[PDB]
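Asks: Enclosed is the structure file my_file_0.pdb (PDB, C-alpha atoms).
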ATOM      1  CA  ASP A   1       0.000   0.000   0.000
ATOM      2  CA  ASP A   2       2.861   2.297   0.973
ATOM      3  CA  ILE A   3       4.450   3.676  -2.214
ATOM      4  CA  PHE A   4       7.787   3.789  -0.433
ATOM      5  CA  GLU A   5       7.673   0.022   0.199
ATOM      6  CA  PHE A   6       8.112  -2.602  -2.502
ATOM      7  CA  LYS A   7       5.039  -3.955  -4.266
ATOM      8  CA  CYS A   8       4.772  -6.330  -7.211
ATOM      9  CA  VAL A   9       3.607  -4.109 -10.067
ATOM     10  CA  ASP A  10       2.067  -5.754 -13.132
ATOM     11  CA  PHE A  11       3.635  -4.251 -16.264
ATOM     12  CA  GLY A  12       1.627  -6.551 -18.530
ATOM     13  CA  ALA A  13       4.152  -9.130 -19.699
ATOM     14  CA  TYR A  14       5.998  -9.218 -16.361
ATOM     15  CA  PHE A  15       6.060  -8.195 -12.704
ATOM     16  CA  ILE A  16       8.617  -5.894 -11.148
ATOM     17  CA  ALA A  17       8.944  -5.246  -7.418
ATOM     18  CA  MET A  18       9.090  -1.462  -7.199
ATOM     19  CA  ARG A  19       8.707   1.501  -4.867
ATOM     20  CA  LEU A  20       9.714   5.161  -4.712
ATOM     21  CA  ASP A  21      12.910   6.256  -2.958
ATOM     22  CA  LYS A  22      12.028   8.141   0.246
ATOM     23  CA  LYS A  23      14.696  10.815  -0.263
ATOM     24  CA  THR A  24      14.413  11.495  -4.012
ATOM     25  CA  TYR A  25      10.953  10.104  -4.909
ATOM     26  CA  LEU A  26      12.663   8.312  -7.813
ATOM     27  CA  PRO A  27      11.350   4.867  -8.827
ATOM     28  CA  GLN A  28      13.363   1.926  -7.496
ATOM     29  CA  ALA A  29      13.142  -1.787  -8.283
ATOM     30  CA  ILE A  30      14.527  -4.943  -6.739
ATOM     31  CA  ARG A  31      17.655  -5.469  -8.789
ATOM     32  CA  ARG A  32      18.626  -8.685 -10.596
ATOM     33  CA  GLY A  33      22.193  -9.109  -9.374
ATOM     34  CA  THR A  34      24.400  -6.563 -11.101
ATOM     35  CA  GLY A  35      21.883  -5.968 -13.893
ATOM     36  CA  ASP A  36      18.598  -4.067 -14.182
ATOM     37  CA  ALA A  37      15.277  -4.655 -12.397
ATOM     38  CA  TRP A  38      14.403  -8.301 -11.701
ATOM     39  CA  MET A  39      11.582  -8.904 -14.162
ATOM     40  CA  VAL A  40       9.338 -11.867 -13.353
ATOM     41  CA  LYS A  41       7.895 -12.963 -16.668
ATOM     42  CA  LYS A  42       4.207 -13.904 -16.763
ATOM     43  CA  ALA A  43       3.044 -17.066 -18.532
ATOM     44  CA  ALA A  44      -0.464 -15.641 -19.041
ATOM     45  CA  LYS A  45      -2.361 -12.408 -18.444
ATOM     46  CA  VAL A  46      -3.127 -13.789 -14.965
ATOM     47  CA  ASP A  47      -0.188 -15.672 -13.443
ATOM     48  CA  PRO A  48      -0.257 -16.260  -9.675
ATOM     49  CA  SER A  49       3.014 -18.234  -9.868
ATOM     50  CA  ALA A  50       4.860 -15.218 -11.271
ATOM     51  CA  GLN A  51       3.225 -13.041  -8.611
ATOM     52  CA  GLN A  52       4.305 -15.521  -5.916
ATOM     53  CA  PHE A  53       7.939 -15.440  -6.994
ATOM     54  CA  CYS A  54       7.875 -11.644  -7.137
ATOM     55  CA  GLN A  55       6.522 -11.631  -3.556
ATOM     56  CA  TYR A  56       9.343 -14.015  -2.588
ATOM     57  CA  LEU A  57      11.807 -11.503  -4.031
ATOM     58  CA  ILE A  58      10.309  -8.784  -1.867
ATOM     59  CA  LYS A  59      10.611 -11.058   1.163
ATOM     60  CA  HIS A  60      14.212 -12.111   0.571
ATOM     61  CA  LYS A  61      16.006  -9.895  -1.987
ATOM     62  CA  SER A  62      14.818  -6.357  -1.185
ATOM     63  CA  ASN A  63      18.319  -5.290  -0.120
ATOM     64  CA  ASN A  64      19.734  -5.094  -3.685
ATOM     65  CA  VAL A  65      17.933  -2.325  -5.577
ATOM     66  CA  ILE A  66      18.335  -0.129  -8.634
ATOM     67  CA  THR A  67      17.004   3.421  -8.977
ATOM     68  CA  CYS A  68      16.043   5.309 -12.142
ATOM     69  CA  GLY A  69      18.106   8.356 -13.051
ATOM     70  CA  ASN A  70      21.666   9.150 -11.976
ATOM     71  CA  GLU A  71      22.150   5.851 -10.126
ATOM     72  CA  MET A  72      21.154   3.730 -13.125
ATOM     73  CA  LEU A  73      23.272   5.978 -15.345
ATOM     74  CA  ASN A  74      26.379   5.385 -13.223
ATOM     75  CA  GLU A  75      25.664   1.668 -12.666
ATOM     76  CA  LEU A  76      24.362   0.487 -16.053
ATOM     77  CA  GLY A  77      25.188   3.332 -18.449
ATOM     78  CA  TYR A  78      21.662   4.684 -18.938
ATOM     79  CA  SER A  79      19.106   6.671 -16.987
ATOM     80  CA  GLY A  80      16.062   4.560 -17.850
ATOM     81  CA  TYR A  81      14.251   7.675 -19.074
ATOM     82  CA  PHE A  82      13.305   8.367 -22.687
ATOM     83  CA  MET A  83      13.740   4.667 -23.507
ATOM     84  CA  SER A  84      10.406   2.907 -23.531
ATOM     85  CA  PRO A  85       9.633   0.119 -22.953
ATOM     86  CA  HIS A  86      12.017   0.430 -19.984
ATOM     87  CA  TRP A  87      10.062   0.563 -16.718
ATOM     88  CA  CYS A  88      11.579   3.921 -15.703
ATOM     89  CA  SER A  89      10.003   5.528 -18.769
ATOM     90  CA  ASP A  90       6.508   4.827 -17.391
ATOM     91  CA  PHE A  91       7.173   7.285 -14.518
ATOM     92  CA  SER A  92       8.244  10.844 -13.806
ATOM     93  CA  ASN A  93      11.923  11.773 -13.596
ATOM     94  CA  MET A  94      11.033  14.299 -10.873
ATOM     95  CA  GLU A  95      13.013  17.056 -12.600
TER      96      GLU A  95
END
Please, can you express the file's structure as structure tokens?

Replies:
Amino acid sequence: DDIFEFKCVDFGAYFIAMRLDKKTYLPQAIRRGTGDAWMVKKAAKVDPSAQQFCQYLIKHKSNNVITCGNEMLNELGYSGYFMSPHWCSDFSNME
């Protein structure tokens, strides 16, 4: 419910566990290792198994996260903005 706490957001083809950073209000996602957001792919338009794994990620892997903007730029080489279909491009860049 809290937008500053992770929730499994349905992006259509996949779930991402995301929230807003308390300090910057920038979108943040549970990160897949050293890469980008951990996308949990959905086998159908309704997929409770994909949702369950995403909830498991919130339970156990919420301490490795990636944030849109300057952090993603430094970490991955791109901001996430102005590059749909990247998940960051569905949100505000808070400029």

Asks: Got a sec: who's within 12 Å of residue 90 in chain A, counting only C-alpha atoms, leaving out chain neighbours fewer than 4 positions off, as a PyMOL selection string?

Replies: chain A and resi 9+11+26-27+68+80-86

Asks: Set the distance at 12 Å and use all atoms listed in the file: which residues neighbour residue 52 in chain A once local chain neighbours fewer than 6 positions away are removed? I'd like the list as a ChimeraX atom specification.

Replies: /A:7-8,15-17,40-42,46,58-59

Asks: Which neighbours of range 2-5 of chain A fall inside 9 Å, counting only C-alpha atoms, when residues of the same chain fewer than 5 positions from it are skipped, and could you give them as a VMD selection string?

Replies: chain A and resid 18 to 22 25

Asks: Could you write out as a PyMOL selection string the residues that the PyMOL selection byres ((chain A and resi 34) around 9) matches in the shown file?

Replies: chain A and resi 31-33+35-36+64+75-76

Asks: Those same residues, written as a compact mmCIF listing (two decimals), in the frame of the given file with C-alpha atoms?

Replies:
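Saved result, result20.txt, follows:
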# COMPACT_ATOMS: atom_id res chain seq x y z
CA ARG A 31 17.66 -5.47 -8.79
CA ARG A 32 18.63 -8.68 -10.60
CA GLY A 33 22.19 -9.11 -9.37
CA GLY A 35 21.88 -5.97 -13.89
CA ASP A 36 18.60 -4.07 -14.18
CA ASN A 64 19.73 -5.09 -3.68
CA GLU A 75 25.66 1.67 -12.67
CA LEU A 76 24.36 0.49 -16.05

Asks: For the atom pair CA of residue 13 in chain A and CA of residue 37 in chain A, what is the interatomic distance in Å to one decimal place?

Replies: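 So the two atoms, CA of residue 13 in chain A and CA of residue 37 in chain A, lie 14.0 Å apart.
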
Asks: Between A:6, A:77, A:72, A:12, which is the closest to residue 60 in chain A once you count all atoms listed in the file?

Replies: A:6

Asks: Output as lines of an AutoDock Vina configuration file the centre and edge lengths (Å, one decimal) of the box along x, y and z of the file that holds every listed atom of range 33-52 of chain A after adding 8 Å on each side.

Replies:
center_x = 10.6
center_y = -11.2
center_z = -12.5
size_x = 43.5
size_y = 30.2
size_z = 29.1

Asks: Select, from A:14, A:95, A:79, A:67, the residue with the minimum atom-to-atom distance to residue 49 in chain A, counting all atoms listed in the file.

Replies: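 Selected residue with least distance to residue 49 in chain A: A:14.
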
Asks: Restricting the calculation to all atoms listed in the file, which member of A:61, A:1, A:38, A:66 is positioned closest to residue 78 in chain A?

Replies: A:66

Asks: Rank nothing, just name the residue among A:62, A:23, A:28, A:39 nearest to residue 91 in chain A, using only C-alpha atoms.

Replies: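 Nearest candidate to residue 91 in chain A out of A:62, A:23, A:28, A:39: A:28.
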
Asks: How far is it from CA of residue 94 in chain A to CA of residue 10 in chain A, in Å with one decimal?

Replies: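 Going from CA of residue 94 in chain A over to CA of residue 10 in chain A, I get 22.1 Å.
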
Asks: Go through A:24, A:45, A:30, A:50 and flag the residue nearest residue 70 in chain A, using only C-alpha atoms for the distances.

Replies: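 Among the listed residues, A:24 lies closest to residue 70 in chain A.
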